[PDB]
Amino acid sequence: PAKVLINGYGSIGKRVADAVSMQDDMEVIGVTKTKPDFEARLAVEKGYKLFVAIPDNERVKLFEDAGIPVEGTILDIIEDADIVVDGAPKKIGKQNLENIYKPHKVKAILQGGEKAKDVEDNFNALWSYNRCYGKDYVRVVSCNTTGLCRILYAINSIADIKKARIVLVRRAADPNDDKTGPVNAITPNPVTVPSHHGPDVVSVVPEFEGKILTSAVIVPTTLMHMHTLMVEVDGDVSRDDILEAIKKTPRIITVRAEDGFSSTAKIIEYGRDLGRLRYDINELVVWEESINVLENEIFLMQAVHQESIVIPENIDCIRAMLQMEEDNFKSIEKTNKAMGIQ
C-alpha cells in the first residue's frame, strides 16, 4: 500500500487518517501533533504511530512527560512516506512545503487555507483529477470550493453555465472551537463583493473564469455552511433533469424539508443517527424543494459539512498524485465504498 504520513492531526488531519486506514491500498505510517493533549492520546489509542510535528527535542520531552508515547519528530518519519497529507493551520502548510516537503523530495497535499499559487494545481475529484495526475504538490481546495465544484459539475453535466451567483452563509466556529465568535452578529467576510470564493472555484475549473460571482458572511452557528445559488445556463433543462443530475453526481445527496429537514441542525441529526463516524456527512446536501428553474436560470440552496466534505477528496488526490488509479470515477467509487458514503 501507499505509505501516507498525516502532518497535523487536527480537524482535517484526524479524519484523513481514518479515511486512509479504511482504504485497501494505503496506510497511515504516522500522524503528528504539537501539543500533548487528549487528541494526541486518542491518536495513540487508535493505534497510530504518533510523531511530534515540529522537530524540537524539548517538545518531544513534553509529550514523554505527559505520558504520551511518541516515535520521534516529523524528521524521523518523513523519509518513509510516499506522500504527506498536510493538516497544519492556514499559512503553516506552505511553511511545511518549503521547509520540509520540498527539501526531503516527498510529495505533499496542502489543504484549502493555503493559496492556489503555493502549489502546482488544485484538486477536486470531478474536475481536476487528471490535471493533478502524477503531480508532486497539490492543494485540496476548501470546504466551500469543494461544495461549489460538485453542484457546478452537476449543472454543467446538463447545461453550459453562463453565470453562477452564490451567497455563502458560513459557520463561525467548528463545534470543538470554544474561542472564536461572533456570539451574536452577522459578519461580512469579506466585505468586498464579488469575493475571493469565486476565483477559488476557477483555480479548479479554469473555464469558469468570469462566470462565478460570490459574496459571503459569517453567522453564529457551528454545524454547516449554507450556499444559495442562482445560475444562468445555456439550455432548456427542467427541475427533473437538475434533480436527476444531482442524484447522479457522486458525493451530492438530497433532503426534503417535507421529510422534516427544516435546517442544518436536522441534517447533522441525520448524520448522528445514521451512525456516521464523528457524525460526518462528507456529501454536499441539497434541499429538494429549493430546486427550481425559471427561464434558463437554476435556483437551489445547499449545505456543506465543513469539517468533512474535503476528506474523500484527499483520498482521491493521493491516488492521482501517486498514479495509483488512472480513472477518476474509479477512485471516487473506491473511496466512497471504503468510507461508507455516497
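Counting begins at 1, following the sequence as shown.
As the entry records it, the average C-alpha temperature factor is higher for 187 to 195, out of 187 to 195 and 213 to 221. Judged by mean Cα B factor in the deposited record, 98 to 106 ranks above the other of 98 to 106 and 168 to 176.
Going by the entry's values, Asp240 shows the largest Cα B-factor out of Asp240, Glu269, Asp86, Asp200.
Looking only at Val233, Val255, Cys143, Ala265, the residue with the top Cα B factor in the deposited structure is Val233. Ranked by C-alpha B-factor against the other modelled residues of its chain, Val138 falls in the lowest third.
Among all modelled residues in its chain, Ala53 ranks in the middle third by Cα B-factor. In this PDB entry, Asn296 carries a Cα temperature factor that places it within the highest third of its chain's modelled residues. For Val4, the recorded CA temperature factor ranks within the lowest third of the chain's modelled residues. For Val28, the recorded CA B-factor ranks within the middle third of the chain. Only modelled residues enter the ranking.
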